[PDB]
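Below is one structure, written out as structure tokens; the observations come after it.
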Amino acid sequence: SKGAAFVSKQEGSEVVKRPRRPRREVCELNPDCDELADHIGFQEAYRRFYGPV
Amino acid sequence: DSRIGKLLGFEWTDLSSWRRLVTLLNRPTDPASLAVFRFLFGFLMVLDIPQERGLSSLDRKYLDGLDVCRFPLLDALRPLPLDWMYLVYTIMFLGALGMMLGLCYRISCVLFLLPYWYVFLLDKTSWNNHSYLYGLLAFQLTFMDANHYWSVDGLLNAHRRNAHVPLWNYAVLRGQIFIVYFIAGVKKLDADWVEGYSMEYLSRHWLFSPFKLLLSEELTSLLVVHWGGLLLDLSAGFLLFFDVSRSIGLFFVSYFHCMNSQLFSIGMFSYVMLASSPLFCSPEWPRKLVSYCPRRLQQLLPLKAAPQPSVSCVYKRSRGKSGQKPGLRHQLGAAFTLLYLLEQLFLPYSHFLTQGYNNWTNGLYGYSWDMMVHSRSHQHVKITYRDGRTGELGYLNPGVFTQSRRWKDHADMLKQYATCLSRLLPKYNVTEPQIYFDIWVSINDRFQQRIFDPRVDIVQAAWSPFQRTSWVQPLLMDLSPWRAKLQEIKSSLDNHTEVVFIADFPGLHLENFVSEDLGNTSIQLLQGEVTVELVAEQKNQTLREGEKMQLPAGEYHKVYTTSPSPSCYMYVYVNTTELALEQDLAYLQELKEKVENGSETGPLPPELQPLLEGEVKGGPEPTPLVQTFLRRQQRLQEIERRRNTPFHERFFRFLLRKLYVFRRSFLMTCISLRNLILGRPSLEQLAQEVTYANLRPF
Ligand SMILES: C/C(=C\Cc1c(C)c(O)c2ccccc2c1O)CCC[C@H](C)CCC[C@H](C)CCCC(C)C
Ligand SMILES: *[C@@H]1O[C@H](CO)[C@@H](O[C@@H]2O[C@H](CO)[C@@H](O)[C@H](O)[C@H]2NC(C)=O)[C@H](O)[C@H]1NC(C)=O
Ligand SMILES: *[C@@H]1O[C@H](CO)[C@@H](O[C@@H]2O[C@H](CO)[C@@H](O)[C@H](O)[C@H]2NC(C)=O)[C@H](O)[C@H]1NC(C)=O
Ligand SMILES: *[C@@H]1O[C@H](CO)[C@@H](O)[C@H](O)[C@H]1NC(C)=O
Ligand SMILES: *[C@@H]1O[C@H](CO)[C@@H](O)[C@H](O)[C@H]1NC(C)=O
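Those sequence lines, one after another, are chains P and A. The first sequence runs 31 to 51, 69 to 100 under PDB author numbering. Okay, so the second sequence: first residue is 31 according to PDB author numbering, each after it adds one.
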């Protein structure tokens with residue numbers, strides 16, 4: 031429970047969770080938009096590299 | 031004269047000796063079709079670089095200072111800094127433009143080829159069939175004399191203006207397209223394709239609407255979607271070669287590629303295949319098309335006169351002169367054609383050598399031509415770590431320090447992720463760890479089952495490319511026919527209940543924690559022998575076939591498999607909190623409808639007044655129920671407005687979005703090139719330019 035990387039046992043244990051709001072992810076297709084901004088420390092590194100935004 | 035010679039274009043006697051084979055493979059041929067294909071390929075790659083290769087998104091994928099776990103084919107390869115990456119993509123763009131215009135053709139092909147494969151080998155998660163095909167086509171066109179017609183290099187050099195080319199340039203391309211079609215067709219001769227499982231839900235698209243006039247949905251999803259693809263693959267492999275069947279083959283292939291472009295989001299692959307399909311026609315079709323125009327167009331279109339002799343072909347001399355002895359480039363071209371086609375035939379079936387990459391499927395995805403053959407659905411991913419100093423046990427966020435999600439299906443990527451986590455966790459107060467993975471996945475709607483052993487430390491695990499991995503669980507094909515019965519169970523539920531089917535090995539156990547919201551959860555056994563243990567009171571019960579148990583909500587429970595064979599069971603659950611919220615919301619909806627239609631003459635409660643007003647101004651904050659109700663109503667209105675949108679507006683928004691992508695890519699490239707050349711200015715100027723780059727076009 032220290033930082034974003036570490037999670038509690040209760041959160042990890044739950045198998046029956048809600049994936050969306069439909070999976071069936073096939074290969075090929077497309078990178079399908081950019082979730083990349085949700086990476087850990089992405090905002091801080093971006094602000095350092097390119098200044099305030 | 032012989033029928034075989036007319037159909038195949040060469041006589042048997044041509045293959046009697048090596049010299050005759052070289053002469054046959056280097057006979058003169060018109061260059062026009064090759065030039066048209068080169069132009070179209072260059073144009074499509076130019077359009078493809080700023081969209082799918084990721085130039086627009088490259089500022090948030092290779093950011094300096096960020097800590098990311100990469101997945102390169104070779105561990106030695108590492109990304110350069112961001113600016114050199116943008117320089118590399120700029121070189122790619124220049125090479126693609128040069129190929130399109132045919133200016134300095136060999137240099138342009140090299141500049142397009144080397145960076146493209148550098149980017150391709152850097153990341154295994156972005157691999158896919160249509161990128162491998164682009165790489166191969168770029169490799170082939172590097173050697174072909176495709177600049178002999180309709181090229182700027184022709185204008186700058188008289189010797190290379192409307193000149194002959196050897197036949198093997200067309201032979202290699204025709205062989206490549208034929209191998210693609212045929213290998214794709216044979217790979218789809220699998221039990222999961224001929225039976226209707228893969229791509230089961232694509233028949234509902236409106237493009238298949240006319241077929242429903244004569245066929246039911248279940249037959250429409252089998253005869254048309256599945257068998258049609260196989261038959262078209264084999265036929266389009268064979269029909270286009272022969273003159274008799276070329277028209278029907280072209281029609282069917284064009285329809286097939288247009289439908290694939292509309293249904294999927296594959297990108298430029300459909301258009302590339304459409305551009306390659308005319309290649310099987312006669313080599314001189316652009317010339318006769320140019321001839322069939324008025325004189326005014328002919329003053330602008332390429333030349334129509336017959337091509338001149340060249341030096342890169344073996345010319346039969348009918349003057350009584352001895353035949354031109356083939357030199358070196360002709361023999362090299364013949365050997366290149368034969369060896370390259372043999373290698374292309376061999377490589378898709380080379381999975382018995384690189385057994386390290388083998389999995390439930392075969393080898394890494396990208397170079398097997400097995401398109402839309404396997405569909406996977408992941409349920410849960412648990413990453414556990416044990417500290418090497420204190421002994422504490424903890425759990426990690428499943429998608430930490432990663433950008434893709436294909437590591438859940440390949441042992442090698444899992445090993446690389448484990449090594450990356452091992453190197454990175456010491457920054458977070460964790461000593462030399464031991465990491466365990468537990469991943470659940472089902473292919474083509476089978477029982478969800480483990481893919482890696484959850485008792486093996488992946489950091490210290492053994493892996494080599496050319497040996498079978500000893501900690502990859504086998505796929506149970508014996509439980510395949512159950513997919514029938516399970517589907518029936520899927521149709522016997524209410525609109526609220528949900529079901530998840532699990533299959534487990536002997537010896538292993540699954541620990542689970544049912545959340546408090548999921549009240550009224552049950553477990554039923556379908557096959558095998560299992561024991562369900564509740565740890566609140568430490569009580570374990572052995573369940574036989576056809577028995578049901580009501581699990582607690584908000585507590586931990588465990589299931590152990592205690593049979594010689596794998597055990598299959600099923601969780602059936604309903605979300606109580608959502609049901610109660612829906613009932614309350616329906617009650618509130620009923621109340622507002624009574625208020626509006628004139629009923630319920632009595633004064634409304636104060637909590638209902640914000641609903642009629644619709645705005646929280648000058649009053650107490652709304653309760654959570656009111657906020658949820660207003661949010662649902664606003665969302666429904668927004669969706670309804672989105673549905674009621676004319677076509678022209680959608681087209682305009684699409685064009686504006688694409689223009690935004692192109693503009694952002696160009697501006698970021700210019701900023702970084704300036705940074706490389708003239709140095710990096712102050713932070714404020716960089717911030718201003720970056721802000722200007724991201725502005726929407728409007
Ligand atoms: C999605 C499908 C196949 C996967 C695929 C894709 C995406 C490709 O880009 C390919 C490119 C080249 C070679 C193979 C490819 C490939 O395998 C089936 C799509 C089937 C389509 C929707 C069915 C309609 C057309 C059929 C053939 C009409 C037949 C009519 C009968 C009465 C004969
Ligand atoms: C608890 O969930 C079960 C399913 O786990 C549901 O049971 C259904 O109850 C109705 C009662 O009329 C039956 O007609 C259905 O056949 C039952 N479903 C089955 C057996 O799958 C029900 O929604 C919940 N039951 C309670 C008592 O809360
Ligand atoms: C309830 O029964 C299960 C059935 O296996 C027990 O699981 C075993 O637990 C012991 C320790 O109690 C372990 O050494 C064994 O390895 C477990 N078996 C397997 C197959 O892993 C469980 O312990 C029992 N629980 C109680 C409270 O008695
Ligand atoms: C533990 O990690 C925190 C968060 O990164 C860091 O501030 C601190 O230095 C670490 N603490 C110790 C005692 O090493
Ligand atoms: C159950 O329903 C509630 C309704 O508020 C929702 O928040 C939750 O995500 C659902 N799932 C679980 C596992 O609680």
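Even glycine gets a Cβ: it sits at the ideal position worked out from N, Cα and C.
Bridge partner(s) assigned by DSSP for residue i
i, result
"residue 489 of chain A", "Note: residue 489 of chain A sits in no beta bridge, so no partner."
"residue 659 of chain A", "Paired residue(s): none; residue 659 of chain A is not in a bridge."
"residue 570 of chain A", "A:563"
"residue 311 of chain A", "None, per the DSSP bridge assignment."
"residue 19 of chain A", "Since the first residue of chain A shown is 31 and the last is 728, residue 19 of chain A is not available in this structure."
"residue 414 of chain A", "A:425, A:466"
"residue 669 of chain A", "In the DSSP output, where bridge partners are listed per residue, residue 669 of chain A has none listed."
"residue 59 of chain A", "A:195"
"residue 528 of chain A", "A:603"
"residue 406 of chain A", "P:72, A:473"
"residue 553 of chain A", "A:579, A:601"
"residue 480 of chain A", "A:470"
"residue 533 of chain A", "A:598"
Contact check, residue i vs residue j, beta carbons under 8 Å
i, j, result
"residue 414 of chain A", "residue 466 of chain A", "yes"
"residue 560 of chain A", "residue 573 of chain A", "yes"
"residue 65 of chain A", "residue 179 of chain A", "yes"
"residue 116 of chain A", "residue 522 of chain A", "no"
"residue 37 of chain A", "residue 272 of chain A", "yes"
"residue 470 of chain A", "residue 409 of chain A", "yes"
"residue 91 of chain A", "residue 433 of chain A", "yes"
"residue 118 of chain A", "residue 145 of chain A", "yes"
"residue 652 of chain A", "residue 640 of chain A", "yes"
"residue 621 of chain A", "residue 638 of chain A", "yes"
"residue 30 of chain A", "residue 228 of chain A", "Nothing about residue 30 of chain A can be reported from this structure: the residues present for chain A run from 31 to 728 only."
"residue 153 of chain A", "residue 100 of chain A", "yes"
"residue 5 of chain A", "residue 601 of chain A", "As shown, chain A starts at 31 and ends at 728. That puts residue 5 of chain A outside it, with no answer to give."
"residue 72 of chain A", "residue 160 of chain A", "no"
"residue 544 of chain A", "residue 584 of chain A", "yes"
"residue 534 of chain A", "residue 597 of chain A", "yes"
Alpha-carbon to alpha-carbon, residue j and residue i
i, j, result
"residue 49 of chain A", "residue 312 of chain A", "26 Å"
"residue 723 of chain A", "residue 689 of chain A", "13 Å"
"residue 73 of chain P", "residue 233 of chain A", "16 Å"
"residue 478 of chain A", "residue 530 of chain A", "8 Å"
"residue 681 of chain A", "residue 670 of chain A", "19 Å"
"residue 43 of chain P", "residue 36 of chain P", "13 Å"
"residue 343 of chain A", "residue 235 of chain A", "51 Å"
"residue 563 of chain A", "residue 656 of chain A", "41 Å"
"residue 157 of chain A", "residue 569 of chain A", "49 Å"
"residue 716 of chain A", "residue 94 of chain A", "15 Å"
"residue 679 of chain A", "residue 237 of chain A", "22 Å"
"residue 84 of chain A", "residue 369 of chain A", "34 Å"
"residue 53 of chain A", "residue 123 of chain A", "37 Å"
"residue 216 of chain A", "residue 392 of chain A", "15 Å"
"residue 323 of chain A", "residue 211 of chain A", "35 Å"
"residue 418 of chain A", "residue 31 of chain P", "19 Å"
"residue 31 of chain A", "residue 331 of chain A", "35 Å"
"residue 472 of chain A", "residue 283 of chain A", "33 Å"
"residue 401 of chain A", "residue 650 of chain A", "57 Å"
"residue 262 of chain A", "residue 326 of chain A", "41 Å"
Inset, instruction - Identify each residue in the region 247–268 of chain A for which the Cβ-Cβ distance to at least one residue of chain P is less than 8 Å, and report them in chain order. - result: none
Legend entry - Within 7 Å of ligand 5: residues by beta-carbon to any heavy atom: P:44, P:46, P:47, P:48, A:545, A:547, A:548, A:605, A:607, A:608, A:611
Legend entry - the region 479–498 of chain A: positions lying closer than 7 Å to chain P by Cβ: none
Inset, instruction - For the region 34–48 of chain P, enumerate the residues whose C-beta is nearer than 7 Å to any C-beta of chain A, in chain order. - result: 34, 35, 36, 37, 39, 40, 42, 43, 44, 45, 46
Inset, instruction - Closer than 9 Å, Cβ to Cβ, to anything on chain P: give me those residues from the region 529–550 of chain A, in chain order. - result: 530, 532, 540, 541, 542, 543, 544, 545, 548
Inset, instruction - Residues of the region 292–308 of chain A with a CB closer than 8 Å to any CB of chain P: list them in chain order, please. - result: 294, 295, 296, 297
Legend entry - Where the region 138–163 of chain A meets chain P: residues whose CB sits under 8 Å from a CB there: 156, 158, 159, 160
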